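Notes for the one structure printed next.
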Amino acid sequence: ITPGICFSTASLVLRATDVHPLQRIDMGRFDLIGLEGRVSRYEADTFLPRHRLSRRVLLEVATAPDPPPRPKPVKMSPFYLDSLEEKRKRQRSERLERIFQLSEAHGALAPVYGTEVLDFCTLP
Amino acid sequence: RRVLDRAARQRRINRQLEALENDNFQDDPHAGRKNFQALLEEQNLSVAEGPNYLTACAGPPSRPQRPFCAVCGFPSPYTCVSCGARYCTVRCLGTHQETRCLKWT
Amino acid sequence: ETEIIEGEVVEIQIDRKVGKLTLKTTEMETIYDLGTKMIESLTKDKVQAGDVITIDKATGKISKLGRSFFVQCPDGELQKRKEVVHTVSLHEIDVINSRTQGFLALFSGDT
Amino acid sequence: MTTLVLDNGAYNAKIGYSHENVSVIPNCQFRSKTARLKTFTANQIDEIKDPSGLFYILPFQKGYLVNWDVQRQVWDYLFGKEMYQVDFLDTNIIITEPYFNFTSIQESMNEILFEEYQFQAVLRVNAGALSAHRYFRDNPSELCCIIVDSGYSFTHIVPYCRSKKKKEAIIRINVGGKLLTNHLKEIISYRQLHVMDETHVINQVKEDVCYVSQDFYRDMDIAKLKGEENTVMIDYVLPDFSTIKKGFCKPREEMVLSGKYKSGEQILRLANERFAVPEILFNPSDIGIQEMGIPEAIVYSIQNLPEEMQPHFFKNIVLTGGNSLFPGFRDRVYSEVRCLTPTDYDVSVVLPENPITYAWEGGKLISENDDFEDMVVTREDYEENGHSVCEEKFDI
Amino acid sequence: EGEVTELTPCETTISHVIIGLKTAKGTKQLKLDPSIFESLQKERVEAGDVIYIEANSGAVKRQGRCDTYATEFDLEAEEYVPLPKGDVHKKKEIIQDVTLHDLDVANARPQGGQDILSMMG
Ligand SMILES: Nc1ncnc2c1ncn2[C@@H]1O[C@H](COP(=O)(O)OP(=O)(O)OP(O)(O)=S)[C@@H](O)[C@H]1O
Ligand SMILES: [Mg+2]
Ligand SMILES: [Zn+2]
Ligand SMILES: [Zn+2]
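Protein chains in written order, with the entry's author numbering: chain A, 917 to 992, 1882 to 1929; chain D, 16 to 47, 81 to 153; chain J, 134 to 149, 157 to 209, 224 to 265; chain C, 1 to 396; chain I, 132 to 143, 153 to 261.
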């Protein structure tokens, strides 16, 4: 029994391939092989074209009050600041825009084959 | 070497901290009424009984305590085994052992 | 620059996690308050009183270089800031960054 | 007719008339070995010529009035024929009190002021209340403020609304100028030379050389160096009171690295004590006090208060007290509070030109108001209702 | 990006994760998608750690502990990192050039995958 080889290198070498997120683009917009076994032809072709969110719907839901509580089953301003509120509403608008853009981006790609095709073609 | 228990270390810390509130270190040059503790015990001040002197004391800091050398003040990686004082170098350790370790000279 | 702690182990205490470690040189002795990761590192590599060890502070890399009562105990300061210089070839950088655990290919081909 | 404004601090008494300027006078008696039978009172310390080995007789312990005889003597000297010639029967007095002052001390204050001197009317407030009044007079648009009173014996952080003091959120840090001076004495005595009997000189040294560091560990590394690169290290010549009346710092061009000088000047070399001593205010745990520092205490006091009022408190941080005169104090407080404050809330830290006399100016301003007569408690009302109504009217 | 001052998952399962990130320019409270909680737990993110979170992907990288906690122990095997200087929320508009071969090789083999076949791959 021998001790292992301790190979020592510069700590900077281990960060050679690392790129900061602010310096690289999202490669998930070209991810075709990741959709296989997870995304179906129904989602890409029939569902998403009909039930994609719009900015208007997102804004309406965000601005509207909370929905009324679900019924139980039955067996049958001195300290107000204008600048702070303007900042907060700008932040809310940015957050909603980000939500919309990410929801559009995360369902833009359609599978090459899809779960249904693979299941149909996959014999026992 | 000898080792000082937690009570001795806490007593030394309390004594050093209390000495910082002393008015003078020497005696009266002329050489010939209450105190704060008497005032506190006369006030019969109870905790959680509304805002008062005791409840106004600042709580423990979130940031951890930073060790400094008991001899020169620069940061100290080392802790003395016998008394728990911090120190940063062999020279500083020797000075601490000769001056304030064990017996408080 | 790295911080290297080289000394002789005097006493190691671990309790259910908190722990203490006492190290000595020929000129000074010290007690350390240990963190969870260093406690795990010292548990994985069996360290007992009398062993002469060196610790890389940032990584917990503990290598036992003998026992003393055989290598003589270190003399000077226990904690030393050292300048370590590595000359790394471009091929080594490529292989290390080629894949996860890719540095193994520097020894077994398989690049 | 006239109104007397007094800030009975544990170190300096800010005493003056409402129609006149402000005077800073030490509020303690002195004894020296150069005088056999002679006790100096208040500003008589100017008469002594060898303040080395000076003995201090203080009327305050841990920031509260506990010695009544020396305080009475100091007040009699200040109100006597020599200083102000106060006509007690026709003068109103505004005198400040420590926060959370004990009931017994308040009773003794009321009794002494209304019977031994027989003042026409007394208004006992806190220095923070006067500072808040002055700040609101200066800034009429602000609805809330937070006052940091870093004084001789403590450092309180009290938030004030327009006409009310938030007693729930008062936080005290047991670090003051007294502690800093004693710690500097202990450090110098342990490291270079015994100065434990030189409280006056060490206090002047602290006022002259100490500063608050923006980068603590960079300054520590700079101080650890040897040679030209050690810009932090300076040489201070202690006053011998024979040919050097007052202490001074040697110029950098005149500094000698070896430390030996042909002139027989007693030179005290301070390198890391310049910013280690002021750091106790921001990090009490450095010396062993398990208490939060000034910025963390400010943030805690603000965050205890309701959410709606927090941004206003973050916008009106005011630094008062002697310890606030350290170089870099305002910038350090601003940086730390900015680091801890939410990004949506703006942070503004204001250091007045004279933080020592802020409370006196506030008292003068509150004296000049037309609502002043309603705040005070008269002696005629004192006879019957006084002992309760003094507690009732004063918001101590 | 910033030091973690609070990490509280909100139970309905977890509806969302509220995180508190600190920088030199202030503190920000963020509501995270519940899927990021798995990434935060895998990265072993605790209070006092300096992390960054990608808004578009939810990726979490724990890049060490804050150097303000370097003195909490006398000997830990930790990498202590300075507190970030800028704002918690950082926006950058970038232009990056890629080739068709990069997109081809990115789709030749799967990435990640918690299945046994994916891990062995
Ligand atoms: N230029 C200065 N630099 C540093 N500290 C100073 C300076 N001038 C005065 N001090 C300190 O200021 C303190 C006194 O400040 P004050 O707030 O006036 O004290 P005080 O208010 O009379 O006592 P308290 O705290 O109100 S009971 C002393 O500890 C001095 O050392
Ligand atoms: Mg005062
Ligand atoms: Zn030292
Ligand atoms: Zn010791």
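Every residue, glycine too, gets a C-beta built ideally from N, C-alpha and C.
Element boundaries [alpha helix (DSSP H), containing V245 (chain I)]: In this chain, the alpha helix (DSSP H) harbouring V245 (chain I) covers 240-246.
C-beta atoms of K165 (chain I) and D244 (chain I) nearer than 7 angstroms: Between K165 (chain I) and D244 (chain I), the gap from beta carbon to beta carbon reaches 7 angstroms or more.
C-alpha distance - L223 (chain I) paired with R338 (chain C), whole-angstrom precision: If you take the alpha carbons of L223 (chain I) and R338 (chain C), they lie about 13 angstroms apart.
Backbone secondary structure at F326 (chain C) - three-state DSSP: Looking at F326 (chain C) - three-state DSSP - the assignment turns out to be coil, as it is neither helix nor strand.
Below-7 angstroms beta-carbon distance, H45 (chain D) vs any chain C residue: Contact with chain C is found for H45 (chain D), since one of that chain's Cβ atoms lies less than 7 angstroms from the residue's Cβ.
Reduced DSSP category for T320 (chain C) - H, G, I as helix; E, B as strand; rest coil: In the three-state reduction of the DSSP assignment, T320 (chain C) falls in the strand class.
Closer than 9 angstroms at the beta carbon, the chain J residues around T137 (chain D): Residues of chain J passing the Cβ test: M168, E231.
Inter-residue CB distance, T136 (chain I) and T167 (chain I) (contact presumed, cutoff 8 angstroms): Contact holds; Cβ gap of about 6 angstroms.
Contact list for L305 (chain C) against chain A, beta-carbon separation under 7 angstroms: None at all; the shortest Cβ gap to chain A is about 11 angstroms.
Distance between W68 (chain C) and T41 (chain C) (C-alpha atoms, nearest Å): In a straight line, the C-alpha of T41 (chain C) is about 14 angstroms away from that of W68 (chain C).
Beta strand (DSSP E) segment containing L260 (chain J), residue limits: It is not in any beta strand (DSSP E) - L260 (chain J) instead sits in the alpha helix (DSSP H) that spans 259-262.
Contact between the region 212-225 of chain C and the region 250-269 of chain C (3+ Cβ pairs under 8 angstroms): Because the criterion of three Cβ pairs below 8 angstroms is not met, the region 212-225 of chain C and the region 250-269 of chain C do not touch.
Terminal residues of the beta strand (DSSP E) in which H936 (chain A) lies: Counting along the chain, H936 (chain A) falls outside any beta strand (DSSP E), and DSSP gives it neither H nor E.
Interface partners of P342 (chain C) on chain I, CB under 8 angstroms: Simply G166, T167, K168, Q169.
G363 (chain C) beta carbon near ligand 2 (any heavy atom closer than 6 angstroms): Every heavy atom of ligand 2 is 6 angstroms or more from the Cβ of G363 (chain C), so no.
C131 (chain D): CB within 6 angstroms of a non-hydrogen atom of ligand 5: The model depicted lacks ligand 5 and carries ligand 1, ligand 2, ligand 3 and ligand 4 instead.
Residues near ligand 3, criterion Cβ-heavy atom distance below 5 angstroms: Checking every Cβ against the heavy atoms of ligand 3 under 5 angstroms gives D:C117, D:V119, D:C120, D:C136, D:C140.
Sequence-distant residues of its chain with Cβ nearer than 7 angstroms to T181 (chain C) (five each side left out): Cβ-Cβ distances below 7 angstroms link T181 (chain C) to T199, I202, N203, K206 in the same chain, with the five nearest sequence neighbours on each side left out; the list follows chain order.
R205 (chain I), DSSP secondary structure in three states: Three-state result, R205 (chain I): strand.
CB contact flag (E134 (chain I), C206 (chain I), <7 angstroms): Contact flag set, yes.
CB contact below 7 angstroms: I1904 (chain A) versus chain I: It does not: the Cβ of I1904 (chain A) has no partner Cβ on chain I nearer than 7 angstroms.
Neighbour flag for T1920 (chain A) against chain J, beta carbons, 7 angstroms: Chain J contact via Cβ: absent.
Three-way DSSP call (helix, strand, coil) for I179 (chain J) in this model: DSSP places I179 (chain J) in helix when its eight states are reduced to three.
Any non-hydrogen atom of ligand 1 within 6 angstroms of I173 (chain C) CB: No.
Euclidean distance between Cα positions of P112 (chain D) and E183 (chain I): Straight-line Cα distance between these residues: approximately 24 angstroms.
Test item, CB below 5 angstroms from any non-hydrogen atom of ligand 2: Here the list is C:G9, C:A127, C:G151.
Straight-line gap, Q181 (chain I) to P59 (chain C) (C-alpha atoms, nearest Å): Approximately 58 angstroms between the Cα atoms of the pair.
Contacts of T925 (chain A) in chain J (Cβ-Cβ under 8 angstroms): What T925 (chain A) touches in chain J: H240, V242, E246, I250, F257.
Of the listed residues C:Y211, C:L325, C:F282, nearest to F275 (chain C) (C-alpha basis): Per the Cα distances, C:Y211.
Members of the region 926-937 of chain A that neighbour chain J once the beta carbon cut-off is set at 8 angstroms: So the list reads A926, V929, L930, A932, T933, given in the order they occur along the chain.
beta-carbon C210 (chain C) near ligand 4 non-hydrogen atom, thresh 6 angstroms: When distances are taken from the beta-carbon of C210 (chain C) to the heavy atoms of ligand 4, even the shortest one reaches 6 angstroms or more.
Residue range of the alpha helix (DSSP H) that includes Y261 (chain C): Here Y261 (chain C) belongs to no alpha helix (DSSP H), and DSSP marks it neither H nor E.
Contact list for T103 (chain C) against chain D, beta-carbon separation under 8 angstroms: Those are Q91, listed as they occur along chain D.
Chain D contacts made by the region 169-201 of chain C, where a contact means CB separation under 8 angstroms: From the region 169-201 of chain C, only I170, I171, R172, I173, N174, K178, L179, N182, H183, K185, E186, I187, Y190, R191, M196, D197, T199 have a Cβ closer than 8 angstroms to chain D.
Cross-chain neighbours of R338 (chain C) in chain I, by beta carbon under 9 angstroms: For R338 (chain C), the chain I residues whose C-beta falls within less than 9 angstroms of its own C-beta are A164, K165, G166, listed in chain order.
Distance, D196 (chain J) Cα to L215 (chain I) Cα: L215 (chain I) and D196 (chain J): Cα-Cα distance of roughly 10 angstroms.
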